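Scroll down for the structure; my scribbles are underneath it.
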Amino acid sequence: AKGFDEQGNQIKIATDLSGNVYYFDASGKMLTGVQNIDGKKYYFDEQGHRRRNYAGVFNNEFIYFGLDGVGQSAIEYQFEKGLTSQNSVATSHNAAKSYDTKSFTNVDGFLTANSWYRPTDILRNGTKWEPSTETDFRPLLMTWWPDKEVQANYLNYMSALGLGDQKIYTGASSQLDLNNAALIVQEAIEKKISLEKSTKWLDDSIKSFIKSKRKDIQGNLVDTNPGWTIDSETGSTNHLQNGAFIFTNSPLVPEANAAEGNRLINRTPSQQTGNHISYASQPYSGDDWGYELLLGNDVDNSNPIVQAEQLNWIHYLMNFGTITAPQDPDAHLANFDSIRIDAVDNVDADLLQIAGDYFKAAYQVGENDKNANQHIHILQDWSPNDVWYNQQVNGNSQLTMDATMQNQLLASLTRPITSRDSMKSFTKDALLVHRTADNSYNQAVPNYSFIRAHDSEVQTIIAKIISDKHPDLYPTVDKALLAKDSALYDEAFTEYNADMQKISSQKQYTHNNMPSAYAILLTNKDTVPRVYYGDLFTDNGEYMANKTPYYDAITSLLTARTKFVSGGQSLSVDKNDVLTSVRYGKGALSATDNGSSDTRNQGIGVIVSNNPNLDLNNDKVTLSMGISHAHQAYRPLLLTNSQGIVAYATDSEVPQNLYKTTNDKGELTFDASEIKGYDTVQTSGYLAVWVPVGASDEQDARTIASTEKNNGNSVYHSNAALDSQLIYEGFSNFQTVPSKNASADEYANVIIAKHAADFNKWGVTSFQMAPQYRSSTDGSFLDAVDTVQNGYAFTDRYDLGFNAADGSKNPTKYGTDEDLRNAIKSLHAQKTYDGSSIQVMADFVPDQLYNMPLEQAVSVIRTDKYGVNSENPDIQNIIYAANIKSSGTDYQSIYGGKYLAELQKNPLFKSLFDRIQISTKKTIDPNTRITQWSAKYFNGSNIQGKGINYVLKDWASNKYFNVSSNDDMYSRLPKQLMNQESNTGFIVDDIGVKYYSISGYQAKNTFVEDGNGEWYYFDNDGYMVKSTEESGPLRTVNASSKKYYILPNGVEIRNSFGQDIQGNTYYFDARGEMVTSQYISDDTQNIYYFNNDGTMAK
Ligand SMILES: OC[C@H]1O[C@@](CO)(O[C@H]2O[C@H](CO)[C@@H](O)[C@H](O)[C@H]2O)[C@@H](O)[C@@H]1O
Ligand SMILES: [Ca+2]
């Protein structure tokens, strides 16, 4: 393949479309082998290509062709020969006062880049060496660095702050110059310190140096110290916070090691046993979407001491009043009643049983409906299989969510017209509870159903808006949940709120048909509905301060549910796709049922279409109420017209003409004159609700719980009593956060108390409050940004808003502990239809803790959210300074495990404590108290961006510095810092080459990278490994089965092809290791295959 130029076809510096560099001799023949061009040697393979990073003997010359494609003599040493002493006049002075904990700021003995130490003397005001006081600490990085590049970067950085030599240093620069320039930098530092009377400025500029960034040869900002930033913590992205560590044991860090057979990750309901078990049958799915590492620092709920602490916590919540306000004689009225188990799919399912046991023990919930229905818990179980795990395995100790209902309501009603399912879908088979002919009790699986929630169908709508406005910063919805700038939310919200006010056909972001959905939800049989604050009030702004467009319609339904909704049910959808849901009224379970005395004035009927151009065209819609409703007058509760939805609240508000009367089969019959298609803010399609005329004020459709003893597996039973319950989720993420000096009546828990009667009027029986735990403000996630401190991101699980130490009121987002106790008392003081108090639900959040105050050394592996090793070589059981230890002066320390001694002694709890837990196969363990959270109680954590090499360590010895131990497994301090002889560099010897780190220690059994960039290895004897003629270049070095290619000068080549003296070719990856049974892509798009042997294919 000759090479011709455009102007003329000459060959005598030729290129190719791939980049391959041919050079043809005079007259057009390509050359191969070793060639000399302009006094440089260049290697051309047998294909003709000029090649870079290629090593081999050619004509009895070992030549390494570098990135240039230019030969270097492998025999000649490529390192600087000579040592350099690290002892100077000042090292006697800068040496540590003492070589122990008292003179070094440290992490479990280990050191980090932000370690400060106490020298024996201070250069006071840069002019006189004085003995250092106790407080005369200086940053380690002022006098010591882990290698020359960091020292160099440090020198230039300090100089750029006016504290230095205005000239440029690099790892190329000499060891002795860097040391002398450091001293000049030290004078300037110390003069600044005398002037300011402070080192905060210095701490600030050392901290900011570490994370500093740099322009490079390419011209883009890199990290100046990659090993000390998140940049170095690379692995899988599949975790909400872009990475995750698993804590693992290691002899270097004895106190962070967990016991044997703890840290059982992924014990989700489906996989509690250790293996998936589909509990689901023919129509239903048995999938599990769970995973152990969700957010923040992951509590290990497979540890039995932790499990007991989870119990302890539930007891504390259920007795929060009596515990926190003993002097108060009404303390017993300020206790939580129920729990919401949170992130069920992200914790050991053993907790679901721990909790079920507790309520059987404390409140005897197992004996009947009356007791069971007095404490209604709910699971946050998203996975399809959990519904059936809950039933078969877990009794029904907590209520499962009906997600088939939620998704159907969303797909058939809320979507835009393009995306929307048919109303027929409501009669389908995959639905959890068949309602076409629901005519029994105690058959359905007990469940709560809802449409939206603080998280579900809210925070993701907001995040989509942020992402669509700033794709460059946040390109997905999951990544937008990490947005922290209050400006970004305000902006998104003015859009969100504006969209909600728009007609349905122009609703670009927010849900359609919300009242229509709520009409079906609130009139459905066999479920406990949950209402989201944000469907009555706006998701943002002040608590209960602004109504949505749906408030009238939804509140109308909510009160109407109280009066009319009872009895059997039937759903239909006529030829026109118009849904008709009917409740027959109490005492009547079918359309052919004559009923009781209660039936006549009860039993609602609902009409829903989802088609904005519904044109009946001589067809009729029919509401078959019962034969128990024949010849009966009916009147509307809700109706849609072009202005919106009308809500009639009494018989007398209805104009007489709108009344209409059933025929003899109890059928209502609607014309095209009545039902048509619409497009408003609140309805695309039609909506109507009809109630029977003549109901009384006394009338209440609900039913009292049975006292009869239940000998069943399930705690709850889907019947009339249970359908009489309703849950109201009483909060939003984006409620405005009462500012520091907010007046007392902004706080949501005060507002709650005021409006207590309103919730009772709506039929609320279980008030689901927000989590009450004081929030982090670190913005590591949505829940923890300061403009939404919702309480799912906390450090102290026992602190629900206590006053400060000085006795100043110091609230949470929602109010003080006082204000909470009162909120509970107000709700408790309200009494529902059966005379009993409105329940108050605690958010039980066992999964994680955010934002802990103290560091601890731990061993880590880089993984994804499921726990799967991301297989980063440099993050395999390494040591990390993790923020993972609680203060030990927090409320955890007071109340942690406090009641376990008390609870064991109780006879009623014997079952609970004696119970063998499924995943642990051991019982719960209440004999240890948890007053300080430590790393040993955590499965792992999200990546904290400290850096891999944040924990300091000597490259030559390859051990970690440790100031608290003298054990050999750690390196002792740098010889310079303890005023001993210390030299650094490569030193050639009659036997071979040794190397001493900047710390003064000998390289033994390690790889070492030169300042020039070449790697070298040092054997057990402390000598460089180097191939000889007797021993070829292809070599194992460390009993690892890993072959490297080491030239005669000791250079261990990387990202490079190497040769046998025989003629075979091998490729050595980024880590210098030989490649085997694989294809290699070249920069110029050439492909090479390497066999299992490691040889290149041909
Ligand atoms: O919020 C994101 C994600 O987490 C889930 C897990 O069930 O929500 C629960 O757990 C989170 C951390 O505790 C909280 O943000 C959230 O408020 C809580 O409901 C999912 O609902 C959600 O997809
Ligand atoms: Ca977990």
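Residue numbering restarts at 1 in every chain; chains get A, B, ... in the order shown in the structure tokens, and ligands count up from 1 in that same order.
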
DSSP-assigned helix (DSSP H, G or I) members of segment 874-1031 of chain A, reported as number ranges by chain: A: 874-875, 891-895, 900-905, 907-914, 935-937, 948-950, 976-978

Close residues to ligand 2 using only C-alpha atoms and all ligand atoms, limit 8 Å, as number ranges by chain: A: 265-266, 291-294, 298-301, 346-348, 846-848, 939

Would you export the selected residues with N, CA and C atoms as a PDB file, in the first residue's frame, please?
```
ATOM      1  N   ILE A 265     -26.552  -8.228  54.320  1.00  0.00           N
ATOM      2  CA  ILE A 265     -27.155  -7.252  53.416  1.00  0.00           C
ATOM      3  C   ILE A 265     -28.279  -7.919  52.623  1.00  0.00           C
ATOM      4  N   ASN A 266     -29.283  -7.136  52.238  1.00  0.00           N
ATOM      5  CA  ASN A 266     -30.355  -7.558  51.322  1.00  0.00           C
ATOM      6  C   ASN A 266     -31.348  -8.563  51.874  1.00  0.00           C
ATOM      7  N   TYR A 291     -33.246  -3.467  47.939  1.00  0.00           N
ATOM      8  CA  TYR A 291     -31.774  -3.441  47.976  1.00  0.00           C
ATOM      9  C   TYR A 291     -31.342  -2.786  49.276  1.00  0.00           C
ATOM     10  N   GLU A 292     -30.173  -3.144  49.827  1.00  0.00           N
ATOM     11  CA  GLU A 292     -29.838  -2.780  51.236  1.00  0.00           C
ATOM     12  C   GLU A 292     -29.375  -1.348  51.440  1.00  0.00           C
ATOM     13  N   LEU A 293     -28.579  -0.852  50.501  1.00  0.00           N
ATOM     14  CA  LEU A 293     -27.994   0.476  50.625  1.00  0.00           C
ATOM     15  C   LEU A 293     -28.832   1.480  49.871  1.00  0.00           C
ATOM     16  N   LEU A 294     -29.562   2.304  50.611  1.00  0.00           N
ATOM     17  CA  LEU A 294     -30.510   3.238  50.004  1.00  0.00           C
ATOM     18  C   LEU A 294     -29.897   4.606  49.991  1.00  0.00           C
ATOM     19  N   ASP A 298     -25.864   3.235  56.343  1.00  0.00           N
ATOM     20  CA  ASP A 298     -26.849   2.162  56.446  1.00  0.00           C
ATOM     21  C   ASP A 298     -26.778   1.337  57.716  1.00  0.00           C
ATOM     22  N   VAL A 299     -27.801   1.455  58.550  1.00  0.00           N
ATOM     23  CA  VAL A 299     -27.859   0.693  59.789  1.00  0.00           C
ATOM     24  C   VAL A 299     -28.027  -0.790  59.470  1.00  0.00           C
ATOM     25  N   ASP A 300     -27.221  -1.597  60.158  1.00  0.00           N
ATOM     26  CA  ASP A 300     -27.224  -3.047  59.984  1.00  0.00           C
ATOM     27  C   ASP A 300     -28.296  -3.659  60.842  1.00  0.00           C
ATOM     28  N   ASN A 301     -29.464  -3.881  60.250  1.00  0.00           N
ATOM     29  CA  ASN A 301     -30.585  -4.417  61.005  1.00  0.00           C
ATOM     30  C   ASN A 301     -30.610  -5.952  61.019  1.00  0.00           C
ATOM     31  N   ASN A 346     -35.636  -2.033  52.112  1.00  0.00           N
ATOM     32  CA  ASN A 346     -34.235  -1.661  52.302  1.00  0.00           C
ATOM     33  C   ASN A 346     -33.697  -2.011  53.681  1.00  0.00           C
ATOM     34  N   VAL A 347     -34.401  -2.896  54.375  1.00  0.00           N
ATOM     35  CA  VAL A 347     -33.994  -3.321  55.701  1.00  0.00           C
ATOM     36  C   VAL A 347     -34.289  -4.802  55.880  1.00  0.00           C
ATOM     37  N   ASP A 348     -33.653  -5.399  56.881  1.00  0.00           N
ATOM     38  CA  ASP A 348     -33.931  -6.774  57.256  1.00  0.00           C
ATOM     39  C   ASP A 348     -35.393  -6.901  57.683  1.00  0.00           C
ATOM     40  N   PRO A 846     -35.935   2.929  60.267  1.00  0.00           N
ATOM     41  CA  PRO A 846     -34.791   2.186  60.748  1.00  0.00           C
ATOM     42  C   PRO A 846     -33.660   2.128  59.751  1.00  0.00           C
ATOM     43  N   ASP A 847     -33.931   2.440  58.483  1.00  0.00           N
ATOM     44  CA  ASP A 847     -32.963   2.124  57.432  1.00  0.00           C
ATOM     45  C   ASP A 847     -31.598   2.750  57.626  1.00  0.00           C
ATOM     46  N   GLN A 848     -31.576   4.029  57.981  1.00  0.00           N
ATOM     47  CA  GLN A 848     -30.335   4.792  57.964  1.00  0.00           C
ATOM     48  C   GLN A 848     -30.280   5.972  58.924  1.00  0.00           C
ATOM     49  N   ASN A 939     -23.972  -1.448  57.966  1.00  0.00           N
ATOM     50  CA  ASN A 939     -23.676  -2.314  56.817  1.00  0.00           C
ATOM     51  C   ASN A 939     -22.667  -1.645  55.912  1.00  0.00           C
TER      52      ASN A 939
END
```

Near-ligand residues for ligand 1, threshold 7 Å, only C-alpha atoms and all ligand atoms, as a list in words: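 Going residue by residue within 7 Å of ligand 1, we get residues 295, 342, 343, 344, 345, 380, 454, 455, 456, 783, 792, 845, 847 and 848 of chain A.
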
Shell of 10 Å around residue 964 of chain A, only C-alpha atoms, local chain residues under 4 positions omitted, as a PyMOL selection string: chain A and resi 99-102+104+106-111+970+972

Got time to write the residues from that selection, N, CA and C atoms, as a PDB file, in the first residue's frame?
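Full text of result_12.pdb as output:
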```pdb
ATOM      1  N   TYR A  99       5.554  11.770  70.005  1.00  0.00           N
ATOM      2  CA  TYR A  99       5.234  10.911  68.879  1.00  0.00           C
ATOM      3  C   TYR A  99       3.948  10.114  69.151  1.00  0.00           C
ATOM      4  N   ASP A 100       3.021  10.717  69.884  1.00  0.00           N
ATOM      5  CA  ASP A 100       1.860  10.020  70.412  1.00  0.00           C
ATOM      6  C   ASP A 100       0.640  10.860  70.205  1.00  0.00           C
ATOM      7  N   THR A 101      -0.512  10.313  70.579  1.00  0.00           N
ATOM      8  CA  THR A 101      -1.822  10.963  70.385  1.00  0.00           C
ATOM      9  C   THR A 101      -1.911  12.410  70.814  1.00  0.00           C
ATOM     10  N   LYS A 102      -1.285  12.754  71.931  1.00  0.00           N
ATOM     11  CA  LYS A 102      -1.362  14.103  72.498  1.00  0.00           C
ATOM     12  C   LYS A 102      -0.766  15.219  71.668  1.00  0.00           C
ATOM     13  N   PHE A 104      -0.687  14.912  68.116  1.00  0.00           N
ATOM     14  CA  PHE A 104      -1.281  14.822  66.788  1.00  0.00           C
ATOM     15  C   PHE A 104      -2.787  14.733  66.801  1.00  0.00           C
ATOM     16  N   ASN A 106      -5.832  13.276  65.159  1.00  0.00           N
ATOM     17  CA  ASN A 106      -5.826  11.943  64.552  1.00  0.00           C
ATOM     18  C   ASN A 106      -7.190  11.275  64.507  1.00  0.00           C
ATOM     19  N   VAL A 107      -7.305  10.198  63.728  1.00  0.00           N
ATOM     20  CA  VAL A 107      -8.544   9.422  63.616  1.00  0.00           C
ATOM     21  C   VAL A 107      -8.249   7.992  64.003  1.00  0.00           C
ATOM     22  N   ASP A 108      -8.754   7.551  65.157  1.00  0.00           N
ATOM     23  CA  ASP A 108      -8.430   6.225  65.714  1.00  0.00           C
ATOM     24  C   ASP A 108      -6.954   5.900  65.612  1.00  0.00           C
ATOM     25  N   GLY A 109      -6.098   6.863  65.910  1.00  0.00           N
ATOM     26  CA  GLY A 109      -4.659   6.664  65.768  1.00  0.00           C
ATOM     27  C   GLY A 109      -4.122   7.042  64.407  1.00  0.00           C
ATOM     28  N   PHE A 110      -4.910   6.783  63.362  1.00  0.00           N
ATOM     29  CA  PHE A 110      -4.505   7.041  61.975  1.00  0.00           C
ATOM     30  C   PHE A 110      -4.404   8.523  61.741  1.00  0.00           C
ATOM     31  N   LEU A 111      -3.670   8.905  60.710  1.00  0.00           N
ATOM     32  CA  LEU A 111      -3.556  10.323  60.359  1.00  0.00           C
ATOM     33  C   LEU A 111      -4.254  10.579  59.030  1.00  0.00           C
ATOM     34  N   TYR A 970       1.321  -1.360  61.344  1.00  0.00           N
ATOM     35  CA  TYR A 970       1.325   0.057  60.974  1.00  0.00           C
ATOM     36  C   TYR A 970       2.737   0.585  60.835  1.00  0.00           C
ATOM     37  N   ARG A 972       5.538   3.420  61.571  1.00  0.00           N
ATOM     38  CA  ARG A 972       5.810   4.415  62.581  1.00  0.00           C
ATOM     39  C   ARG A 972       5.885   5.751  61.864  1.00  0.00           C
TER      40      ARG A 972
END
```

Which of segment 734-930 of chain A counts as strand (DSSP E or B) under DSSP, as a PDB file with N, CA and C atoms, in the first residue's frame please?
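Saved file part-v6.pdb follows:
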```pdb
ATOM      1  N   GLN A 735     -43.250  22.083  52.207  1.00  0.00           N
ATOM      2  CA  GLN A 735     -43.799  23.088  53.133  1.00  0.00           C
ATOM      3  C   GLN A 735     -42.693  24.031  53.476  1.00  0.00           C
ATOM      4  N   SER A 766     -56.694   7.788  61.477  1.00  0.00           N
ATOM      5  CA  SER A 766     -55.247   7.680  61.692  1.00  0.00           C
ATOM      6  C   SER A 766     -54.565   8.862  61.026  1.00  0.00           C
ATOM      7  N   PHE A 767     -54.093   9.790  61.847  1.00  0.00           N
ATOM      8  CA  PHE A 767     -53.323  10.928  61.359  1.00  0.00           C
ATOM      9  C   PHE A 767     -51.858  10.518  61.192  1.00  0.00           C
ATOM     10  N   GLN A 768     -51.427  10.368  59.948  1.00  0.00           N
ATOM     11  CA  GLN A 768     -50.032  10.059  59.691  1.00  0.00           C
ATOM     12  C   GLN A 768     -49.261  11.358  59.700  1.00  0.00           C
ATOM     13  N   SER A 775     -33.603  17.385  61.741  1.00  0.00           N
ATOM     14  CA  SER A 775     -33.043  17.081  60.441  1.00  0.00           C
ATOM     15  C   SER A 775     -31.620  17.564  60.321  1.00  0.00           C
ATOM     16  N   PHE A 794     -31.667  12.387  59.548  1.00  0.00           N
ATOM     17  CA  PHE A 794     -31.417  12.741  60.950  1.00  0.00           C
ATOM     18  C   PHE A 794     -30.175  12.058  61.496  1.00  0.00           C
ATOM     19  N   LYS A 831     -62.580  12.600  69.112  1.00  0.00           N
ATOM     20  CA  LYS A 831     -63.118  11.253  69.234  1.00  0.00           C
ATOM     21  C   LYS A 831     -63.895  10.928  67.973  1.00  0.00           C
ATOM     22  N   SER A 837     -60.243   7.703  70.209  1.00  0.00           N
ATOM     23  CA  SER A 837     -59.458   8.848  69.775  1.00  0.00           C
ATOM     24  C   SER A 837     -58.931   8.660  68.366  1.00  0.00           C
ATOM     25  N   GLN A 839     -56.108   8.278  65.996  1.00  0.00           N
ATOM     26  CA  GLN A 839     -54.750   7.776  66.197  1.00  0.00           C
ATOM     27  C   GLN A 839     -53.710   8.710  65.620  1.00  0.00           C
ATOM     28  N   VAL A 840     -52.503   8.651  66.170  1.00  0.00           N
ATOM     29  CA  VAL A 840     -51.369   9.428  65.666  1.00  0.00           C
ATOM     30  C   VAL A 840     -50.222   8.493  65.309  1.00  0.00           C
ATOM     31  N   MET A 841     -49.762   8.561  64.071  1.00  0.00           N
ATOM     32  CA  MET A 841     -48.812   7.583  63.563  1.00  0.00           C
ATOM     33  C   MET A 841     -47.373   8.106  63.556  1.00  0.00           C
ATOM     34  N   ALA A 842     -46.472   7.308  64.122  1.00  0.00           N
ATOM     35  CA  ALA A 842     -45.056   7.623  64.127  1.00  0.00           C
ATOM     36  C   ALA A 842     -44.417   7.071  62.861  1.00  0.00           C
ATOM     37  N   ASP A 843     -43.545   7.857  62.237  1.00  0.00           N
ATOM     38  CA  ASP A 843     -42.747   7.349  61.125  1.00  0.00           C
ATOM     39  C   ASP A 843     -41.517   6.611  61.666  1.00  0.00           C
ATOM     40  N   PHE A 844     -41.533   5.289  61.545  1.00  0.00           N
ATOM     41  CA  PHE A 844     -40.448   4.415  61.995  1.00  0.00           C
ATOM     42  C   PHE A 844     -39.438   4.225  60.861  1.00  0.00           C
ATOM     43  N   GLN A 848     -31.576   4.029  57.981  1.00  0.00           N
ATOM     44  CA  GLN A 848     -30.335   4.792  57.964  1.00  0.00           C
ATOM     45  C   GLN A 848     -30.280   5.972  58.924  1.00  0.00           C
ATOM     46  N   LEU A 849     -29.057   6.468  59.070  1.00  0.00           N
ATOM     47  CA  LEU A 849     -28.734   7.736  59.735  1.00  0.00           C
ATOM     48  C   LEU A 849     -27.861   8.582  58.818  1.00  0.00           C
ATOM     49  N   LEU A 854     -18.608  12.398  64.196  1.00  0.00           N
ATOM     50  CA  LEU A 854     -17.230  11.950  64.427  1.00  0.00           C
ATOM     51  C   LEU A 854     -16.778  10.965  63.369  1.00  0.00           C
ATOM     52  N   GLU A 855     -15.472  10.977  63.091  1.00  0.00           N
ATOM     53  CA  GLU A 855     -14.840  10.032  62.174  1.00  0.00           C
ATOM     54  C   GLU A 855     -14.385   8.747  62.883  1.00  0.00           C
ATOM     55  N   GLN A 856     -14.264   7.678  62.120  1.00  0.00           N
ATOM     56  CA  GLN A 856     -13.779   6.421  62.634  1.00  0.00           C
ATOM     57  C   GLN A 856     -13.088   5.793  61.454  1.00  0.00           C
ATOM     58  N   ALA A 857     -11.988   5.087  61.689  1.00  0.00           N
ATOM     59  CA  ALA A 857     -11.338   4.339  60.624  1.00  0.00           C
ATOM     60  C   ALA A 857     -12.155   3.085  60.376  1.00  0.00           C
ATOM     61  N   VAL A 858     -12.440   2.775  59.104  1.00  0.00           N
ATOM     62  CA  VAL A 858     -13.093   1.517  58.704  1.00  0.00           C
ATOM     63  C   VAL A 858     -12.514   0.955  57.422  1.00  0.00           C
ATOM     64  N   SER A 859     -12.675  -0.353  57.235  1.00  0.00           N
ATOM     65  CA  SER A 859     -12.243  -0.999  56.010  1.00  0.00           C
ATOM     66  C   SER A 859     -13.411  -0.994  55.014  1.00  0.00           C
ATOM     67  N   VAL A 860     -13.161  -0.603  53.766  1.00  0.00           N
ATOM     68  CA  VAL A 860     -14.232  -0.450  52.778  1.00  0.00           C
ATOM     69  C   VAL A 860     -14.029  -1.162  51.442  1.00  0.00           C
ATOM     70  N   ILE A 861     -15.141  -1.506  50.811  1.00  0.00           N
ATOM     71  CA  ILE A 861     -15.129  -1.972  49.444  1.00  0.00           C
ATOM     72  C   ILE A 861     -16.104  -1.121  48.648  1.00  0.00           C
ATOM     73  N   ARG A 862     -15.675  -0.688  47.462  1.00  0.00           N
ATOM     74  CA  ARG A 862     -16.523   0.091  46.554  1.00  0.00           C
ATOM     75  C   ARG A 862     -17.549  -0.800  45.870  1.00  0.00           C
ATOM     76  N   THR A 863     -18.827  -0.466  46.050  1.00  0.00           N
ATOM     77  CA  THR A 863     -19.937  -1.268  45.533  1.00  0.00           C
ATOM     78  C   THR A 863     -21.057  -0.408  44.959  1.00  0.00           C
ATOM     79  N   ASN A 869     -19.559  -5.706  44.882  1.00  0.00           N
ATOM     80  CA  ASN A 869     -18.230  -5.177  44.634  1.00  0.00           C
ATOM     81  C   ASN A 869     -18.111  -4.611  43.223  1.00  0.00           C
ATOM     82  N   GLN A 876     -10.232  -2.147  47.755  1.00  0.00           N
ATOM     83  CA  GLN A 876     -10.478  -3.490  48.279  1.00  0.00           C
ATOM     84  C   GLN A 876      -9.981  -3.594  49.715  1.00  0.00           C
ATOM     85  N   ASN A 877     -10.924  -3.456  50.644  1.00  0.00           N
ATOM     86  CA  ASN A 877     -10.666  -3.473  52.086  1.00  0.00           C
ATOM     87  C   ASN A 877      -9.627  -2.465  52.571  1.00  0.00           C
ATOM     88  N   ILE A 878      -9.578  -1.303  51.917  1.00  0.00           N
ATOM     89  CA  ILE A 878      -8.716  -0.190  52.342  1.00  0.00           C
ATOM     90  C   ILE A 878      -9.301   0.552  53.533  1.00  0.00           C
ATOM     91  N   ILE A 879      -8.543   1.493  54.079  1.00  0.00           N
ATOM     92  CA  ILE A 879      -8.953   2.171  55.296  1.00  0.00           C
ATOM     93  C   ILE A 879      -9.385   3.589  55.008  1.00  0.00           C
ATOM     94  N   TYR A 880     -10.550   3.951  55.542  1.00  0.00           N
ATOM     95  CA  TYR A 880     -11.258   5.190  55.195  1.00  0.00           C
ATOM     96  C   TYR A 880     -11.643   5.935  56.468  1.00  0.00           C
ATOM     97  N   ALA A 881     -11.474   7.259  56.475  1.00  0.00           N
ATOM     98  CA  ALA A 881     -11.874   8.044  57.631  1.00  0.00           C
ATOM     99  C   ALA A 881     -13.326   8.448  57.437  1.00  0.00           C
ATOM    100  N   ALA A 882     -14.230   7.640  57.963  1.00  0.00           N
ATOM    101  CA  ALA A 882     -15.642   7.815  57.694  1.00  0.00           C
ATOM    102  C   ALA A 882     -16.297   8.601  58.793  1.00  0.00           C
ATOM    103  N   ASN A 883     -17.185   9.515  58.427  1.00  0.00           N
ATOM    104  CA  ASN A 883     -18.037  10.162  59.409  1.00  0.00           C
ATOM    105  C   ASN A 883     -19.177   9.202  59.765  1.00  0.00           C
ATOM    106  N   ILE A 884     -18.968   8.459  60.860  1.00  0.00           N
ATOM    107  CA  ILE A 884     -19.781   7.305  61.205  1.00  0.00           C
ATOM    108  C   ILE A 884     -19.961   7.032  62.713  1.00  0.00           C
ATOM    109  N   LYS A 885     -19.525   7.942  63.578  1.00  0.00           N
ATOM    110  CA  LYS A 885     -19.658   7.735  65.028  1.00  0.00           C
ATOM    111  C   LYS A 885     -20.505   8.855  65.621  1.00  0.00           C
ATOM    112  N   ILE A 916     -37.032 -16.705  67.704  1.00  0.00           N
ATOM    113  CA  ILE A 916     -35.929 -16.917  66.760  1.00  0.00           C
ATOM    114  C   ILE A 916     -36.242 -16.154  65.490  1.00  0.00           C
ATOM    115  N   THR A 923     -31.964 -15.277  68.202  1.00  0.00           N
ATOM    116  CA  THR A 923     -32.879 -14.355  68.841  1.00  0.00           C
ATOM    117  C   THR A 923     -32.312 -12.924  68.826  1.00  0.00           C
TER     118      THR A 923
END
```

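From atom CA of residue 994 of chain A back to atom CA of residue 84 of chain A, the distance works out to 13.5 Å.
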
Nearby residues (only C-alpha atoms) at most 6 Å from segment 214-231 of chain A, same-chain spacing under 6 positions excluded, as a list in words: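 Contacts, in chain order: residues 945, 946, 947, 948, 949 and 950 of chain A.
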
Mind writing the picked residues with C-alpha atoms as a CSV table (one decimal), in the first residue's frame?
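In the end it all went to result-v7.csv:
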```csv
chain,number,residue,atom,x,y,z
A,945,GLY,CA,-15.6,12.0,49.0
A,946,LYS,CA,-12.8,12.1,51.6
A,947,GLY,CA,-10.5,10.4,49.1
A,948,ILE,CA,-8.9,7.0,49.0
A,949,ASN,CA,-5.6,8.2,50.2
A,950,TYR,CA,-7.1,10.6,52.8
```

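Shortest atom-to-atom contact with residue 503 of chain A among A:612, A:446, A:595, A:835: A:612, counting only C-alpha atoms.
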
For residue 748 of chain A: contacts at 12 Å, only C-alpha atoms, fewer than 3 positions along chain excluded, given as an NGL selection string: :A and (533 or 541-545 or 730-732 or 735-738 or 742-745 or 751-756 or 769-770 or 772 or 790 or 811-816 or 819-820 or 822-823)

Exercise: residue 184 of chain A partners within 12 Å, only C-alpha atoms, chain neighbours under 4 positions left out, as a ChimeraX atom specification: /A:90,123,126-127,142-143,155,158-159,162-166,177-180,188-191

Non-local contacts of residue 649 of chain A (10 Å; only C-alpha atoms; under 5 positions in same chain excluded) as a list in words: residues 556, 557, 559, 560, 636, 637, 638 and 654 of chain A

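Nearest-residue note for residue 933 of chain A: choosing from A:797, A:910, A:197, A:50, the minimum distance belongs to A:797, counting only C-alpha atoms.
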
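Atom CA of residue 367 of chain A to atom CA of residue 710 of chain A spans 6.0 Å [interatomic distance, one decimal].
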
Nearest residue to residue 309 of chain A from the set A:416, A:362, A:355, A:473 (distances using only C-alpha atoms):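 Using only C-alpha atoms, the shortest distance to residue 309 of chain A belongs to A:355.
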